[PDB]
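As stored in entry04.tsv (TSV, C-alpha atoms):
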chain	number	residue	atom	x	y	z
A	1	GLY	CA	45.97	140.15	-74.62
A	2	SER	CA	48.05	141.35	-71.64
A	3	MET	CA	46.66	139.02	-68.96
A	4	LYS	CA	48.39	136.15	-67.14
A	5	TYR	CA	47.23	133.42	-64.82
A	6	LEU	CA	48.92	132.55	-61.53
A	7	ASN	CA	50.04	129.18	-62.93
A	8	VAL	CA	50.72	128.03	-59.37
A	9	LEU	CA	50.00	124.41	-58.48
A	10	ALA	CA	47.66	122.88	-55.92
A	11	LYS	CA	47.00	119.60	-54.16
A	12	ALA	CA	43.69	118.00	-53.32
A	13	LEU	CA	43.59	117.53	-49.54
A	14	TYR	CA	40.34	115.64	-49.86
A	15	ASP	CA	38.27	114.05	-52.61
A	16	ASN	CA	35.39	115.77	-54.46
A	17	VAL	CA	32.62	114.44	-56.68
A	18	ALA	CA	31.62	117.00	-59.27
A	19	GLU	CA	27.91	117.66	-59.76
A	20	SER	CA	28.04	120.54	-62.25
A	21	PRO	CA	29.64	120.14	-65.71
A	22	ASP	CA	31.98	123.06	-64.95
A	23	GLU	CA	33.03	121.40	-61.71
A	24	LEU	CA	36.16	119.25	-61.62
A	25	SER	CA	35.93	115.84	-59.98
A	26	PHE	CA	39.07	114.75	-58.11
A	27	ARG	CA	40.56	112.44	-55.48
A	28	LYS	CA	42.60	113.24	-52.40
A	29	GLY	CA	46.20	113.62	-53.54
A	30	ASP	CA	45.45	114.84	-57.08
A	31	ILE	CA	47.63	117.67	-58.32
A	32	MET	CA	46.16	120.45	-60.48
A	33	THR	CA	47.37	123.78	-61.91
A	34	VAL	CA	45.56	126.80	-60.45
A	35	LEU	CA	44.95	129.46	-63.04
A	36	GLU	CA	43.10	131.93	-60.82
A	37	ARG	CA	41.22	132.02	-57.51
A	38	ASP	CA	37.67	133.20	-56.85
A	39	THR	CA	37.00	132.50	-60.51
A	40	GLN	CA	33.73	133.57	-62.18
A	41	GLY	CA	33.01	135.69	-59.09
A	42	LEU	CA	32.39	132.52	-57.11
A	43	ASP	CA	33.64	132.84	-53.54
A	44	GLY	CA	36.07	130.08	-52.61
A	45	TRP	CA	36.11	128.44	-56.06
A	46	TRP	CA	39.44	128.27	-57.91
A	47	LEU	CA	39.90	127.82	-61.66
A	48	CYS	CA	42.10	124.80	-62.17
A	49	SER	CA	43.28	122.61	-65.01
A	50	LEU	CA	43.06	118.90	-64.17
A	51	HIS	CA	42.95	115.79	-66.42
A	52	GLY	CA	43.60	118.07	-69.40
A	53	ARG	CA	40.38	120.06	-68.88
A	54	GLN	CA	39.62	123.27	-67.04
A	55	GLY	CA	36.90	123.84	-64.50
A	56	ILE	CA	36.37	124.83	-60.90
A	57	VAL	CA	37.21	123.23	-57.57
A	58	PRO	CA	36.33	124.10	-53.96
A	59	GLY	CA	39.30	125.78	-52.27
A	60	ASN	CA	38.15	124.41	-48.91
A	61	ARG	CA	39.47	120.98	-50.02
A	62	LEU	CA	42.64	122.30	-51.67
A	63	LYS	CA	46.15	123.53	-50.84
A	64	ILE	CA	48.10	125.96	-53.02
A	65	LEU	CA	51.63	124.80	-53.84
A	66	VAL	CA	54.00	127.64	-54.73
A	67	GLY	CA	57.33	127.26	-56.50
A	68	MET	CA	59.23	128.24	-59.65
A	69	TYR	CA	57.91	127.35	-63.10
A	70	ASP	CA	59.81	124.50	-64.74
A	71	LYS	CA	61.11	124.51	-68.32
A	72	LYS	CA	60.56	120.76	-68.58
A	73	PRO	CA	57.23	118.87	-68.66
A	74	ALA	CA	55.56	117.53	-65.51
A	75	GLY	CA	54.95	113.80	-64.98
A	76	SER	CA	52.30	113.37	-62.28
A	77	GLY	CA	50.45	110.09	-61.71
A	78	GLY	CA	48.54	108.10	-59.09
A	79	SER	CA	46.52	104.95	-58.33
A	80	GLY	CA	43.00	104.18	-57.13
A	81	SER	CA	43.54	103.44	-53.45
A	82	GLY	CA	40.70	102.03	-51.38
A	83	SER	CA	39.38	104.34	-48.66
A	84	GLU	CA	38.86	103.05	-45.13
A	85	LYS	CA	37.29	106.10	-43.45
A	86	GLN	CA	34.09	107.79	-42.26
A	87	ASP	CA	36.10	111.03	-42.03
A	88	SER	CA	34.21	113.43	-44.31
A	89	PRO	CA	35.57	116.60	-45.98
A	90	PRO	CA	34.28	120.18	-45.45
A	91	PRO	CA	31.45	121.37	-47.73
A	92	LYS	CA	31.92	122.99	-51.14
A	93	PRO	CA	31.01	126.73	-51.05
A	94	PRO	CA	27.93	128.19	-52.85
A	95	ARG	CA	27.86	128.35	-56.66
A	96	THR	CA	25.74	131.50	-57.04
A	97	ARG	CA	26.77	133.32	-60.22
A	98	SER	CA	25.68	136.74	-58.92
A	99	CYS	CA	24.85	138.10	-55.46
A	100	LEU	CA	23.65	135.78	-52.64
How would this structure read if it were set down as structure tokens?
Amino acid sequence: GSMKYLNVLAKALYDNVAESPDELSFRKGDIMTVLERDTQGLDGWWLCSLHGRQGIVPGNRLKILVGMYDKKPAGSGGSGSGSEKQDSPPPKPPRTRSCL
């Protein structure tokens, strides 16, 4: 094949609890690799690789991080911080696989 992904990175600006098996669950601060945007024809959903698996995430809760590709492996990590907030994130966009 002669196709290539963006391979740009992204950061979770908010948390998200996945409901669908294709959907990626993540916390605010998580870093994921974005393969493509508007994946599967789903408006606002980006194909990402996170926790070693691929799936989709709502772009409304994410920020693209651009940069050069490294020739050395990444070493991301984090910790389960408690959350003292009522501040709620924006909704995830529709998951309609065709039309509206």
Give me the residues near stretch 65-74 of chain A as a PyMOL selection string, where near means some atom within 7 Å (using all atoms listed in the file) and where sequence neighbours in that chain fewer than 6 positions away do not count.
chain A and resi 8-11
Quick one: which stretch 66-87 of chain A residues come within 9 Å of stretch 25-39 of chain A, and what is the nearest atom pair for each with the distance in Å to one decimal, counting all atoms listed in the file, rows ordered by chain and ascending number, as CSV?
residue,atom,partner,partner_atom,distance
A:76,CA,A:31,CA,7.5
A:77,CA,A:30,CA,8.3
A:78,CA,A:30,CA,7.7
A:80,CA,A:27,CA,8.8
Calculate, to one decimal in Å, the centre and edge lengths of the box along x, y and z of the file that holds all listed atoms of stretch 24-38 of chain A with 4 Å of margin on each side, and present them as AutoDock Vina command-line options.
--center_x 41.8 --center_y 122.8 --center_z -57.7 --size_x 19.7 --size_y 28.8 --size_z 18.6
Which value, in Å to one decimal, gives the distance between atom CA of residue A:56 and atom CA of residue A:93?
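Value for the atom CA of residue A:56-atom CA of residue A:93 distance: 11.4 Å.
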Separating atom CA of residue A:42 from atom CA of residue A:95, to the nearest tenth of an Å, is a gap of 6.2 Å
When you look at residue A:96 with a cut-off of 12 Å (counting only C-alpha atoms), what residues show up, excluding the ones that are within fewer than 5 positions of it in the same chain? I need them as a ChimeraX atom specification.
/A:39-45
Length of the atom CA of residue A:59 to atom CA of residue A:83 vector [Å]:
21.7 Å
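Each of A:16, A:62, A:89, A:3 was compared to residue A:47 using only C-alpha atoms, and A:62 turns out to be the nearest.
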Residue nearest residue A:49 among A:91, A:86, A:15, A:5 (counting all atoms listed in the file):
A:5
